[PDB]
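First comes one chain, alone, set out as C-alpha cells in the form deposited in one PDB entry.
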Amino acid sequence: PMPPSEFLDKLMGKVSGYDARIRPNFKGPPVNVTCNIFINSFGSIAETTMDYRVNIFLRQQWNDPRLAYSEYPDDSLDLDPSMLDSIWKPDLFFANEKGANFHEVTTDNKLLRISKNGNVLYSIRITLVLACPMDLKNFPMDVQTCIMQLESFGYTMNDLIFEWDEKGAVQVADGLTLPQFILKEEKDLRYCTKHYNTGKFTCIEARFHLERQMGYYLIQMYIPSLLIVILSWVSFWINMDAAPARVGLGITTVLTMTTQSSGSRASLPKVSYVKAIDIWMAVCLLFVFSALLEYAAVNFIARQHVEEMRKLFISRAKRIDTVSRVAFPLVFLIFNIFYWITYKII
C-alpha cells in the first residue's frame, strides 16, 4: 500500500485534525508518561565543583490516541527522527542540569516508534553534568548519594504525570566501572513533586549510592603521614648531647606534616566543618610536635648545674627518655585502634 512516512502524512498532517501543540486526552485525564534510563557512561565526579557527568538514554512512553492506525498491517513504525517536530512530546527537563547537550553526530541520536493503539516510544541520548551536594564529614570513609531528578516545566500535575516503569527503571551498562567509586546495585526510585507559585509540577528522581575506594588515600595520605610519625621516634635513640641532631629532626618532621596536611585538602571544596582526614592529620601533627617538646624538656633538665646533684639531673633526663621510647609507640598504637574502629562502624 502506502509507504509508512507517506502513511504518516495521513497521520501527522493537517488532515484528520492532528495538532502537535495539544496534549493527548485534552480536556480530560492527565497524560501518563512512564520513563526509564540506560546509563552508558558515569564518572568524572568532581568535588571542587560538586558535580558528575553522566551519559544516558532517556526513554519515554505515553499514549496518543490520535496516532492510532488500523489500515497498516504491522505493529510498529520506525519513523525517521526528522519527523519529531510534528508530534507531541513531553517537556521533561532536569532540575540540576548545570549544562547539558544533545548528540548530533552523523544523525540526531533520536528514536521514535508508534504502536497500533498509539503507544509512543521515544528515546534520546543526553549528556548531563548533574549537581549533587557532597557530604564530607568522614571523607575517605564516606558514602555519597548523588541524585538526578526529572521534572515538567510547562504542564502541571493535572495535565502531565511522570512515572517510572516497574520493569528495571534504571539500567546500567556492562563494563561500567569507576576509578574512585563503586556503584551499588540498589537504586532508590521515589517522587520529588515540586510546588511553586505557578503550580504543582510532576517530578521523579533516582538516587545513586557511591562508596569510595580506600586504597588510593592510604598510599598518598595515611601511609606517608604514618612514616613521619615513626621518623620522629628515632630522636629518642640519638644521644642527648647531639643538640643540632635531635632538634633538627624535630623541626623537619613538624614542618613536613604541615605540608602533608595542606596537600590533603588541595582537591576539596572549602568546607568549614572538620572531617576524618583532618582529625588524622591533626593528631599525627600532635605526635611530631610533642616529640620536639620532649627534647626541650630533656635539654632543660640536663643543664641544671656539687657533682652529686649533677648526677641526679642527668639520670632524670635519661629517665624521661626511657619512658618515651615505649610510651609514644604505645599511645599512637591505641589511637589507631580508636580511629579505625570508629570509621569502620560508620
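One-based numbering along the sequence shown. In this text, rigid core is short for the largest set of C-alphas that superpose within 1.5 Å between two forms.
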Exercise. Between us, would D321 come up missing in a third or more of the other compared entries?
Worked result: no
Problem set entry | Gap at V306 across at least one third of the other PDB entries | yes
Problem set entry | Gap size between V306 and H305, counted in deposited residues that the entry leaves unmodelled | 10 or more
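The protein also exists as the form deposited in another entry; that form is not presented, and the subsequent description refers to it.
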Problem set entry | Core-fitted Cα difference of 2 Å or more between the shown form and the other one, single residue among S315, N32, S44, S41 | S315
